[PDB]
Amino acid sequence: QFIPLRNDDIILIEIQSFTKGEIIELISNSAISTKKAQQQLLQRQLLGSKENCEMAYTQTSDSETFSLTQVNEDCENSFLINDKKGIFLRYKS
Amino acid sequence: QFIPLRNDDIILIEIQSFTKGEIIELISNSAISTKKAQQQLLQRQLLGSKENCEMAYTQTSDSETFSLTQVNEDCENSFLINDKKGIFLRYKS
Amino acid sequence: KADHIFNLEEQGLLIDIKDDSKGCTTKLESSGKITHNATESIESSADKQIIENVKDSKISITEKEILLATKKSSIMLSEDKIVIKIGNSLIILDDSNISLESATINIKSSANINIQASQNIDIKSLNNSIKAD
Amino acid sequence: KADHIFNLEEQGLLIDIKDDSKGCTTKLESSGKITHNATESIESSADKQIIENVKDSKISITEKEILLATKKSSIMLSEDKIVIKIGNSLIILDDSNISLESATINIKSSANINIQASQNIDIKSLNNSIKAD
Amino acid sequence: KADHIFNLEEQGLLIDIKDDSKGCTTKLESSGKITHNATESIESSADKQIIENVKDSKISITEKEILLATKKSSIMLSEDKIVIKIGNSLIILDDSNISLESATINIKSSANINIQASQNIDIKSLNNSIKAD
């Protein structure tokens, strides 16, 4: 993989000597849920600038869905795989 | 990414002081091969509950395959890309 | 400002490309049915053949010759030679050569049978050639 | 040595499967248009019906009977019984039985009206049955 | 209890949606061939045109008028006016108005030429109007 460090993340930094700084851990995120984990189960990345591409597998109590969406200014791409319905391919606006 | 800690994983836990516990490393898996690594080359995630979605790239000695499968109770979704054959899309039961 | 779907289910593809007023909705259901729909038009061009077959029930299209055929029955819309068959009754339609072959001919009317020409007329016959008033 | 594309846009599917010389280019645009193209041939078989409908303008294909119909107008290419209708003027075409029903008949020519037979000929009539020279 | 495939290869799409007994198998091969298959039926509706073209070999469908045309040859299944052309031989088929225009007419039979009416009959002519027995 190759995920470089974006701006606006918060980072452990030792100062290992006089003029030797290093980076150890990461203290931030950008994708969680905000619900009680009995209604949502989010498992996903985010991508690029604007964070507009979700490789999400959001099993709710309803169904198990897979997704590759895109949210752009009125180009709204997607990719969906259910279990009740199955393989979708959509374009919206 | 956002992969929360599932149940039934085994975990290094220091006790950094009186009433300060933390979590450092992970000692478990859920996806390997069981063959001699001259016949299979598995590279994959697993997803959600029941572990039923594999983003696998299983190059055997036969061929290089890509896969996004789903194993549900008689809804058996897939997505395959070979080199000999190419882009597939299937639904089975 | 439109919307687009492409499915796959137990039944089959349910594909549409829809504006609010219009669309193009194609299926391939699992019940042996194929359908296609549109709100203006369907065109389909080729170079040699456009053939549809259900147990010798053809509509073929070549460059020149349109066959509309089943068993014992075939309109042949050939170039300059229309042939309309039931054995045995041909109707050739040419530039200047209409035959109406058969074994038997029956002809009815109610007001007129106007039979004109611009040269001679010959009605050759056998045992009877009758009339009434 | 070929190339293959499968799109989706605001307009619709722009699907082709192309060698350098040949190809098969299908669309489903959003403007109510469906097109299909090829460089050799198109075939399509079924088992019961091949039906196309635009406001009672049919071309249907059954196992036996080809209907080519709109309102008041229907060529029926049935098996051994060609029926060509405008009410009221039938032209049955059978094995040995051609009728040309109508109300009125007018017939023109310019060189010959050769009317031959191999048995008797009967021209039954009413008030007039005329000629000229 | 069915199965579904959607391919892409060097040759092209090999798409089927199959139960054990039935299915719908469409291709787009790279050899200029398009095929579609089913086990019951194919339907396809539109609103203006259904046109197939291979070097002026049409089958078009409008709301009203079915053209079945190549060069010099065109059945026009218009509403209430069947027109069947080879230049120069028209056969109009109307409600009560059948013409059989040509330059020449030849007519054969073997058993009967029954020519009846319910009003007068006029056979106008020139130089000959002959018979035999």
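Every number in this text was worked out from the coordinates using simple rules, so none of it is lab data. For neighbour counting, all protein chains shown are included, and Cβ atoms are generated from backbone atoms with ideal geometry for every residue, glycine included.
What to note about this one:
- Looking only at the stretch D:110-133, and only at residues there that are among the hydrophobic types (A, V, I, L, M, F, W, C) and surrounded by fewer than 15 Cβ atoms within 10 Å (Cβ to Cβ), the one that is farthest from the chain's Cα centre (by Cα): D:132
- Yes/no for residue B:28 being within 24 Å of residue A:82 (Cα to Cα) and within 15 Å of the chain's Cα centre (by Cα): no
- Among the residues examined, residue B:49 qualifies as among the small types (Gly, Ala, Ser) and exposed (fewer than 12 other Cβ atoms within 10 Å of the Cβ).
- Filtering the stretch E:1-50 to residues that are hydroxyl-bearing (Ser, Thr, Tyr), within 32 Å of the chain's Cα centre (by Cα) and over 18 Å from residue D:61 (Cα atoms) leaves E:25, E:26, E:30, E:31.
- With respect to being more than 28 Å from residue A:3 (Cα to Cα) and among the acidic types (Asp, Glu), residue B:25 falls outside the description.
- Matching entry among B:47, B:42 (being farther than 24 Å from residue A:26 by Cα and of a type outside the set (D, E, K, R)): B:42
- Complete set of residues in the stretch C:14-59 that are aliphatic (A, V, I, L, M), surrounded by fewer than 19 Cβ atoms within 10 Å (Cβ to Cβ) and more than 7 Å from every other protein chain (Cβ to nearest Cβ): C:14
- Residues (at the interface with chain D (Cβ under 7 Å from one of its Cβ atoms), of a type in the set (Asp, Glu) and in a loop (DSSP other than H, G, I, E, B)) located in the stretch E:119-133: none
- Output for the stretch C:1-48, where each listed residue is more than 20 Å from residue E:25 (Cα to Cα) and of a type in the set (D, E, K, R): C:1, C:3, C:18, C:19, C:20, C:22, C:40, C:43, C:47, C:48
- Tabulated pairs, the stretch B:65-81, first free of Cβ contacts under 8 Å to residues at least 60 places away in the same chain, second among the β-branched types (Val, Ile, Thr), C-beta under 6 angstrom, 6+ apart or interchain: B:65/B:58; B:66/B:81; B:77/A:81; B:78/B:69; B:81/B:87
- Count of residues meeting criterion [more than 9 Å from chain D (Cβ to nearest Cβ) and within 18 Å of the chain's Cα centre (by Cα)] in the stretch E:73-88: 7
- Selection count where residues are exposed (fewer than 12 other Cβ atoms within 10 Å of the Cβ) and not β-branched (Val, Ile, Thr), scope the stretch D:1-13: 2
- Within the stretch D:79-109, being small (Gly, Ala, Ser) and either in a strand (DSSP E or B) or buried (at least 17 other Cβ atoms within 10 Å of the Cβ) (or both) holds for D:89, D:99, D:102, D:103, D:109.
- Options B:76, B:54, B:25; residue that is in a strand (DSSP E or B), more than 12 Å from every other protein chain (Cβ to nearest Cβ) and of a type in the set (D, E, K, R): B:25
- Scanning the stretch B:60-93 for residues that are touching a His at 6+ places or on another chain (Cβ under 8 Å) and of a type in the set (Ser, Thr, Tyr) yields one hit, B:91.
- Top-ranked residue of the stretch C:63-72 - restricted to ones that are at the interface with chain E (Cβ under 7 Å from one of its Cβ atoms) and under 26 Å from residue D:21 (Cβ atoms), ranked as surrounded by the most Cβ atoms within 10 Å (Cβ to Cβ): C:64
- Put simply, of B:31, B:37 the only residue that is of a type in the set (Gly, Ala, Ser) and either part of a strand (DSSP E or B) or exposed (fewer than 12 other Cβ atoms within 10 Å of the Cβ) (or both) is B:37.
- The residues of the stretch C:89-108 that are under 17 Å from residue D:76 (Cβ atoms) and at the interface with another protein chain (Cβ under 7 Å from one of its Cβ atoms) amount to a single one, C:89.
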